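Heads up, the chain below is alone and in the form deposited in one PDB entry; it's given as structure tokens.
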């Protein structure tokens, strides 16, 4: 019996545990509060569904763990500065940026970055125009970064994994839809554009290798006129990959578990397209289940506005049946969901 402890007590941890079980792998999602005595830390591999955590009884001992996988990577990614610098080091396309040091810069920051300057904290964000300069916290100077405002045609993410052996497997690119800064819909086609897929894998491998990363990692990018631009990275299973639960032969959760426990890591097989619909601050509606293609993933979380409470995965070989199902779902969902659905739908047309 293989064992794994997951630092973080959310749906990702729950979903990892769910995938673990049928494989004979025990996964123990742990909260930060928790006492080091409650979890089998001592005899398991340790992973995390969170990028950064506070210091506690637990996390203290964890930084000592001999088998806390990718322990050192988190921080690099946790900090926007270091993350951005990593892309730079590898010569990967990303949006032009620089850390915010002093007001003197302001003038030329607008010169090479243009009209809109996107300010961001290192550890939310501002969209300042030349005159809104004064609107920013003073505290920001040297703790906040600026990025060129990028106009993309679309967004995509590359989900893949790397093993201890340097082996690497990837899923097809997934098309994402964010609304109000929230992932709402993801679509995956079994056969992405081969060139674009190739271009993206190239960048993710360079990254994983450089980092000595073992396990599942997601890379978010913008589709632009001058190729793909790396936007952000996630050192863990990621929402945009949920569709793999029902749409691939090996899910992202399983994949993550296989890699860290040294299990085999062949390339997953995707035969059909999938559509994932994220459930945000909405209540369960068992009516959704009248559609046989629908697969409900309820996180069992107290419902709240803006809170991801579950997701729906749809996959089928029949795109018509697939689109029909989306339509049918419209009315069964709150209105805010309509846009996302049509969007998804818009992909099969």
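Positions refer to the first chain, counted from 1. If you superpose the two forms and keep the largest set of C-alpha atoms that fall within 1.5 Å, you have the rigid core.
Participant: Check the entry and tell me how many residues of the deposited sequence have no coordinates between residue 123 and residue 124: none, 1 to 3, 4 to 9, or 10 or more.
Facilitator: Unmodelled stretch: 4 to 9 residues.
Participant: Mean CA B-factor: is it higher for 10 to 18 or for 325 to 333?
Facilitator: Comparing 10 to 18 with 325 to 333, the higher average CA B-factor belongs to 325 to 333.
Participant: Taking only the CA atoms, which stretch has the higher mean B-factor in the record, 26 to 34 or 307 to 315?
Facilitator: So the stretch with the higher mean C-alpha B-factor is 26 to 34.
Participant: I'd like to know which of 264, 181, 93, 247 has the highest C-alpha temperature factor in the PDB entry.
Facilitator: By C-alpha B-factor in the record, 181 ranks first.
Participant: In the PDB entry, which of 137, 212, 241, 215 has its C-alpha at the highest B-factor?
Facilitator: Of 137, 212, 241, 215, 137 has the highest C-alpha B-factor.
Participant: Taking the entry's C-alpha B-factors for this chain, is residue 207 in the lowest, middle or highest third?
Facilitator: Lowest third.
Participant: What third of its chain's C-alpha B-factors does residue 153 belong to: lowest, middle or highest?
Facilitator: For residue 153, the deposited C-alpha B-factor lands in the highest third.
Participant: What third of its chain, lowest, middle or highest, does the C-alpha temperature factor of residue 72 fall into?
Facilitator: Answer is highest: the recorded C-alpha B-factor places it there.
Participant: Sorting the chain's modelled residues by C-alpha B-factor, tell me whether residue 45 ends up in the lowest, middle or highest third.
Facilitator: Middle third by C-alpha B-factor.
Participant: Could you look up the Cα B-factor of residue 296 in the entry and say which third of the chain it sits in: lowest, middle or highest?
Facilitator: Tercile = lowest for this residue's CA B-factor.
The form solved in complex with a small molecule is left out here; the points below concern that form.
Participant: Counting only non-hydrogen atoms, choose the one of 199 to 207, 231 to 239, 133 to 141, 248 to 256 that falls within 4.5 Å of the small molecule in the deposited bound form.
Facilitator: Result of the contact check: 231 to 239.
Participant: Is the small molecule close enough to 3, 33 and 65 in the deposited bound form that each of the three has a heavy atom within 4.5 Å of it?
Facilitator: No: no residue has a heavy atom within 4.5 Å of the partner.
Participant: Give a yes or no for residue 89: in the deposited bound form, does one of its heavy atoms lie within 4.5 Å of a heavy atom belonging to the small molecule?
Facilitator: Residue-level check for residue 89: no, no contact with the small molecule.
Participant: Please run the contact check for residue 105 against the small molecule in the deposited bound form: heavy atoms, 4.5 angstroms, yes or no?
Facilitator: No, residue 105 sits far enough from the small molecule in the deposited bound form that none of its heavy atoms falls within 4.5 Å.
Participant: With heavy atoms only and a cut-off of 4.5 Å, decide whether residue 148 touches the small molecule in the deposited bound form.
Facilitator: So residue 148 counts as contacting the small molecule.
Participant: With the partner left out of view, is residue 74 within 4.5 angstroms of the small molecule in the deposited bound form by any non-hydrogen atom?
Facilitator: No.
Participant: Could you tell me which one of 170, 189, 152, 110 places a heavy atom within 4.5 Å of the small molecule in the deposited bound form?
Facilitator: If I apply the 4.5 Å criterion carefully, the residue I get is 152.
Participant: Can you spot, among 210, 72, 262, 139, the one with a CA shift of 2 Å or more between this form and the one not shown after core superposition?
Facilitator: The listed residue whose C-alpha shifts by at least 2 Å is 139.
Participant: Take the rigid core as the frame of reference and indicate whether the C-alpha of residue 91 shifts by 2 Å or more between this form and the one not shown.
Facilitator: Superposed on the core, residue 91 moves its C-alpha less than 2 Å between this form and the one not shown.
Participant: Is residue 198 one of the residues whose C-alpha moves 2 Å or more between this form and the one not shown after the core fit?
Facilitator: Where the cores coincide, residue 198 shows only a C-alpha shift between this form and the one not shown that is less than 2 Å.
Participant: At a 2 Å cut-off on C-alpha positions, does residue 178 qualify as shifted between this form and the one not shown after fitting the rigid core?
Facilitator: No, shifts by less than 2 Å.
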